[PDB]
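Only one chain is included here, represented as structure tokens and corresponding to the form deposited in one PDB entry.
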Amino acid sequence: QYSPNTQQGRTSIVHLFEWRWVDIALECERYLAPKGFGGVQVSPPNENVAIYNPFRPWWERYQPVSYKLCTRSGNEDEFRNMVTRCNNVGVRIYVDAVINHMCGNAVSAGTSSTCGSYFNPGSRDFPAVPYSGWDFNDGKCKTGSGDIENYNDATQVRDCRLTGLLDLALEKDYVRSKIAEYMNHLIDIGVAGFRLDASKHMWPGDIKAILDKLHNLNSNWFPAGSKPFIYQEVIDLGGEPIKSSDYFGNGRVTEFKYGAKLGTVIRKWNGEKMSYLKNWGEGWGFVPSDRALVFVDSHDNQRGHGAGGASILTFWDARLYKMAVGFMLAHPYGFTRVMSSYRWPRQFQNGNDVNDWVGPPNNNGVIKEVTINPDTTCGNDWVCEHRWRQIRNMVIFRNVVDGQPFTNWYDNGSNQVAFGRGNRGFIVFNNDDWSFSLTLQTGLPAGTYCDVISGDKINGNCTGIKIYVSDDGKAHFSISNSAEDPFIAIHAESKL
């Protein structure tokens, strides 16, 4: 469960949020594979409720109607096509598995689904699975409203409705089998793993019972005995009866404290400073590195819909965002997930964004295709952070330094820090309100290195800053607090 199953050498996955299968297939071949990305997290591929009020929001995909591979992202044929092409190029696919619940109980019955399947929330009828009233936790939940009312009670958090979402009775073998049937169908198709949505709302034991019914990965692409990569979505900050450590026996867990803390540190909130990142990782109360799935922002908290709140950094904060992502990708802690989003009309009122529901770029509900500009950037309102030079080059940096230890740390007691990874990489950050000019020990072999943040190494030459490492491994770095990107990164493969 704990291994990503990525090709040797690729250390990151990217969340291509709301992308169409056909676009992902193309991206795998034209960019993801050549650039060294390990895999892709896809949006839920199963049929969901079609909400029109508000129009088509992104969260309608977390309200299942059936396990049919039929959504705004494409049909089953297109989905299978994407997995095959991506796998054939060495890029894995990770499915977002929404198995804790079905749609909201207040949703009207009918055929308002992405595939026309009929459903009736009121009577607990989902004939396309099929599921009936006997398959939900309505009789098990003890709250007066039937919804989760108090998170201090670990029992209702697992047996009651998350904001009204019909809760599946995961202790019943029938339900466990229907879910395994769905996941095994995907595994046999070729997916390498899953993101278990709302894992906190499920009993660790119920999850285990389901994982026990899962097949090994497709032997046409994976070595015999390969188990699917499992990362459970558990929002565990401090003070809750439920701990993410309770789920270690099933696979990895999302470390939401990672992005929240990095955000406040980079934003320099509450007296925090980058020099405190010296013991970043478990020393900060995070889960063990071999059980952590980390990220700066997620599709949820990038719009204030999740843990982290206001401190979370996103593409909206481009400058600080690139720095945070750079630090994450350079630091050895956990397995990294890169975010890829779309622009939406952010409309703040009394501190909250009233347009946080807006779905992907579309034409009358039809998701727009991802277009590639001449400068490798995207159009149609897709942000494509994974294509930003500073982020893409750090993705490669992580691959190059994979396995190298954390060393040669340096800090000015404020917001100017630096560190290297063995003798394959070195990175320097300047987040102070003054310039940084100093000679540091990089631990790298002598030579001329191209700064991969400001430029690239293109055929024996650098298109940006050049760093010169002397015989004793020392090198001079100059970063003004006015630089577009206040940090420099160089590695073994950026050496001239």
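Start at 1 and count along the sequence shown; that's the residue number.
The same protein also has a form solved in complex with a partner chain, omitted here; what follows describes it.
Remark: all three candidate residues (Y62, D197 and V354) come within 4.5 Å of the partner chain in the deposited bound form, counting heavy atoms only. Though the partner is left out of this view, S145 does reach within 4.5 Å of the partner chain in the deposited bound form, counting heavy atoms only. Although the partner is absent here, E171 is not a contact residue: none of its heavy atoms lies within 4.5 angstroms of the partner chain in the deposited bound form.
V383 falls outside the set of residues with a heavy atom inside 4.5 Å of the partner chain in the deposited bound form. Among heavy atoms of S108, none comes within 4.5 Å of the partner chain in the deposited bound form. The chain is drawn here without the partner chain; in the deposited bound form, the stretch among 325-333, 216-224, 161-169, 128-136 whose residues come within 4.5 Å of it by any heavy atom is 161-169. Between the options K268, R124, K243, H305, the residue in contact with the partner chain in the deposited bound form by a heavy atom within 4.5 angstroms is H305. None of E149, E78, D411, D402 but one reaches within 4.5 angstroms of the partner chain in the deposited bound form through a heavy atom, and that residue is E149.
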